[PDB]
Every structure is written in C-alpha cells, then in structure tokens.
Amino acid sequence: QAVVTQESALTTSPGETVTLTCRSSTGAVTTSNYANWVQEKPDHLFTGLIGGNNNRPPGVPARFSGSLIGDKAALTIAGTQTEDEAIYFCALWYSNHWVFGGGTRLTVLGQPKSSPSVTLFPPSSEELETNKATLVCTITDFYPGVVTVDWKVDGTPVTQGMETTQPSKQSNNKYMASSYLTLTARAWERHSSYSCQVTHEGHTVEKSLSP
C-alpha cells in the first residue's frame, strides 16, 4: 500500500502564488493516478477543487490549478485569498483504490486584527444544589487565534479548577474560545470577587463578578 506525502503546512500572505505538492512512495505520480484535490474548511466541511483530468467543479475559483511537476502532483494557488485558509488533501488512484495524502494546512497572514469580546457568567442556582459551581468565560470575535486566560479570586491567582479550549473559527472567520473554573458551592458563597482576564496581543480585557 502506497503512502502519499504532502507538506504539513504552508504559510502565505494574500496575493502570493503557492504550490502544494503530492508525492507517491511507489514512484512517480503519473496521469494514470488521476490526482484529485479536496479542500477542508472549519467544522469538518469538505469540498472538491480539482478532478482527475485537472478539471474544476462549477464555482471553484480559477486560481486553483492542478498539474504534474516532474514526478509529483501539484496544486498551484495563483493569488492566495483569505478564504483559502484551509487544509488541502490530494488523492491518487492506484488501479483499484484511492489513497489520500496527509493534508497541507494553509495559513494566510495579513488579516485585520480584532480584539476579543469577553463575557463572564455566574453559576446557576441549580448548579449549587449539586454542591458545585462553574464560572463560564466566553471569548468571541478575535484575530489572531492566540489568547491567554488568567483567573483571579479576590486578587489571588488560581491554577487548579480551570480548563480552557483551543481557539477555533467562527462563521465570520474570527476566533472563539471558552474557559471554565469549577469550584464548590461553599467556595462560591465564601468569596466576593471573581475575575476572567483574557490577554490578546499584549492587551488584557477583563470581566468580573460580585455576589
């Protein structure tokens, strides 16, 4: 069984021409391999880009072009757009089976900076009846997808009880994330100040609670 190799990731800026490659472990990639290219967008949504005869489906931009360069299959994106940020998979035909490559993640820089919109939620009265209290800190509409979250109780930092998600895309191309701090109902009743601090690109935005 053949292994199909692609670059793990490529980073580019808008307007740049990039070339992704697809290599076969059994030898040269030929026309008889009918190389296909597929694009994966956030929330596990796949769409076809290039067919077996280098043909594009209706609606796929003309900047996407498939070819054979020497012994490898290749996808050339002539003028990378911000919407081209995705994972690109190549698939090769070997007489009686298809083999997908490992995928190339494409990152497109130069997108506008957007500061995070933070919301801090107190625990429900129903939560406190199970002797547990979860404080939820939601973080939306930020770009770049790098954020650090710090939690404070009365002013003192806590490392125990906190769990934060990795940033992922929203429907509008910006990022979202959430952080949780699980305490006991006793601890919730005992203190008077809880804070969620979300730091993004040097600047810190903070939301607090007071029982």
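Just count from 1 along the sequence shown to find any residue number.
Enquirer: Regarding 108-116 and 89-97, which shows the higher C-alpha temperature factor on average in the entry?
Expert: Higher mean C-alpha B-factor in the PDB entry: 108-116.
Enquirer: Of 18-26 and 191-199, which one has the bigger average CA B-factor?
Expert: On average, C-alpha B-factors are higher across 191-199.
Enquirer: From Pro58, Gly155, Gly52, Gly66, which pick has the Cα B-factor that tops the rest in the entry?
Expert: It is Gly155.
Enquirer: Please pick out which of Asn36, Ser32, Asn172, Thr47 has the largest Cα B-factor as recorded in the entry.
Expert: So the option with the highest C-alpha B-factor is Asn172.
Enquirer: With respect to C-alpha B-factor, does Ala133 fall in the lowest, middle or highest third of the chain as deposited?
Expert: For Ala133, whose C-alpha B-factor we compare with every modelled residue in the chain, the answer is the highest third.
Enquirer: Per the entry's values, where does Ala62 land by CA temperature factor relative to the rest of its chain, in the lowest, middle or highest third?
Expert: Lowest third - that is where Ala62 ends up once the chain's C-alpha B-factors are sorted.
Enquirer: Rank-wise, by C-alpha B-factor, drop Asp84 into the lowest, middle or highest third of its chain.
Expert: Tercile = lowest for this residue's CA B-factor.
Enquirer: Looking at the entry's B-factor column for C-alpha atoms only, identify whether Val4 ranks in the lowest, middle or highest third of its chain.
Expert: Ranked within chain, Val4 CA B lands in the lowest tercile.
Enquirer: Grab the CA temperature factor for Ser124 from the record and place it in the lowest, middle or highest third of its chain.
Expert: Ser124: CA B-factor falls in the highest third of its chain.
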